[PDB]
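Before any comments, here is the structure.
Here Cβ is always computed from backbone atoms with ideal geometry, including for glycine, and neighbour counts include all displayed protein chains. What follows draws every value from the coordinates through simple rules; no lab data is involved.
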Amino acid sequence: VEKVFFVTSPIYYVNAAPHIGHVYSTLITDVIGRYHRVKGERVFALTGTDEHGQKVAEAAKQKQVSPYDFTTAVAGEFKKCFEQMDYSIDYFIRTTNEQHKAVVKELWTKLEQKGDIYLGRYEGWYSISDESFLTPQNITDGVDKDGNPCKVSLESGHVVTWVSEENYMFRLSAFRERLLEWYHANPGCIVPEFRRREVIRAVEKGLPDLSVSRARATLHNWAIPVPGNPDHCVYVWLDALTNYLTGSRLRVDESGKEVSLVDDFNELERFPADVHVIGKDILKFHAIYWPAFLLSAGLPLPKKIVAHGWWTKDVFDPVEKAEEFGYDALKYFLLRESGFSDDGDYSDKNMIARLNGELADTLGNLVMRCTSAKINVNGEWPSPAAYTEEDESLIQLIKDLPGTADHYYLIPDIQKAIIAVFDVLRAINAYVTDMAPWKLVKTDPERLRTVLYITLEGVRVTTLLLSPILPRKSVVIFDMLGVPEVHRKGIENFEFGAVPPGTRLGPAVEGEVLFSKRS
Ligand code: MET
């Protein structure tokens, strides 16, 4: 299928200012989308804000402001944060958007028409902060904002309240077997594997029907009305999930403004998403509810959901840390340190260790060596002579790197991808140290040609595969190496030897620093 590669992030509640967590989830989305662009693929990356609901309404009230004013303000904060963070997201959707509201009504009507929505009651627990329905097995004892007894969610520890309302119910129970068939027929669809196992376990125990409307008073009328029943408002999560479907049907300005909503998702060739990036805290909504709505509506299911280890929505300001330590470096650190396990050492100490250790010493030092006037005296890419077995062994590593990094990026496990690239980087260092090209300038010019060219090409290819992570710094590196633009993207330039000998390096600004060491 030739289609637009469609990668999304969650859309974040606007009850508070954007923080780390939002920046991480969108960072992952950004990176995946950036990697597919360097492969020369069509990409559409989506991010945005979740603006309706009781949670947000009550946050706006607590600040003595109108919901319209409050969502617009916080959303603007989110837009400023993501711009400052230097992403490359193709569109920023808001659920207050009028074109979005129309897709929600369409989808609602489609589910109703398919027979999958009936009027019933929900009587049970609810976490307003998580906008989540919970069974009694999922709550426990706690304390409110005053030490007063109360019940909280096991999931998140937020206060839960009992709800007894006549609600429109979605027939989630009817989709249990079809979802299990989906999980098993596509064992890559949920990443990492242990979260794929969790979802299956849960669906296997059985599924209750899901409330998809609420009484309009309860939401403070800050919500999308149920089509043909203005007493009710569409559940914030059904509303929220439809974000993905909406964004797949929006034609976008050259300045990121929606200008048109197309009738049919096929028209823009984006739906269904090839990867949903989410945090572990919103797995049920994306891996159970979402495909059930889509199976009901006759729509196509996503290909991959990847749930990382952070808590999506919840001492570290992203922009200030990036001002201190560097943007690409901060992004690199976040991506390198965490797996699907949120047990990352995020201290200033470990940030500096990785900055100095890997960015400055492994990669930075290596770039400076092969470009320096000491070693590379003609400031160009040499023609290599004959390769020795040690030469060939390093070359093999470089030739194998792209296919390996590619598979990691596609899982997606971006940490593993970085580790693979830096293994090759550590090897190239060991080769350089072994060959001592600095001594070779004098002793053996022909030998140097070989060592230097292999060093250049290794640095080029690692840098290319590192470019979705270090997008500003890779441009600097390519500039230093003198790599023509056309060679900076495309799978054509994954191949060893795509930049010809004789290519001149780019001027030198000997106020160096690729990465300046710290503390
Ligand atoms: C459809 S993504 C919804 C995510 C939710 N608004 C959150 O912030 O966790």
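Quick notes
- Amide N of the range 351-372 lying under 17 Å from the label point, which is placed 7 angstrom from the Cα of residue 504 along Cα→Cβ: 371-372
- For residue 442, the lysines whose Cα falls under 29 Å of its own Cα, not counting residues fewer than eight places away in the same chain, are 374.
- Karplus-derived 3J(HN,Hα), 6.51/-1.76/1.60, for each residue of the range 488-498, Hz, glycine and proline x: 9, 8, x, 6, 4, 9, 6, 6, 5, x, 7
- Derived scalar couplings ³J(HN,Hα) [the range 154-159; Karplus, 6.51 cos²θ - 1.76 cosθ + 1.60; whole Hz; x for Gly, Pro]: 5, 3, 10, x, 7, 5
- Under a model in which nothing but the beta-carbon of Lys, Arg (+1) and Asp, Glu (-1) is charged, the chain shows a dipole of about 140 debye around its Cα centre.
- Under the Karplus curve 6.51 cos²θ - 1.76 cosθ + 1.60, θ = phi - 60°, whole-Hz ³J(HN,Hα) for the range 89-94, x wherever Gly or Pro sits: 7, 7, 7, 10, 8, 10
- Ordering 489-495, 76-82 by mean Cβ neighbour count within 10 Å, with the highest value first, yields 76-82, 489-495.
- Debye intensity ratio in log₁₀ form over the Cα atoms of the chain, taken at each q of 0.07 Å⁻¹: -0.45
- Of 364, 296, 252, farthest towards positive along the dipole that unit charges on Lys, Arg, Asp, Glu beta carbons give the range 245-399: 296
- For the listed peptides 433-442, 6-15, 88-97, a ranking on the average number of other beta carbons within 10 Å per residue, highest first, reads 6-15, 88-97, 433-442.
- Entries of 105/280; 101/313; 3/80 with Cα pairs more than 26 Å apart: 105/280; 3/80
- With 18 Å as the limit, the listed pairs 473/517; 303/331; 39/331; 416/489; 349/517 have 303/331; 39/331; 416/489 beyond it between alpha carbons.
- Dipole magnitude of the range 111-210 about its Cα centre (Cβ charges: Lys, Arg +1; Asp, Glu -1), debye to nearest 20: 400 debye
- Ranked packing of 16-27, 389-400, most packed first, by mean Cβ within 10 Å: 16-27, 389-400
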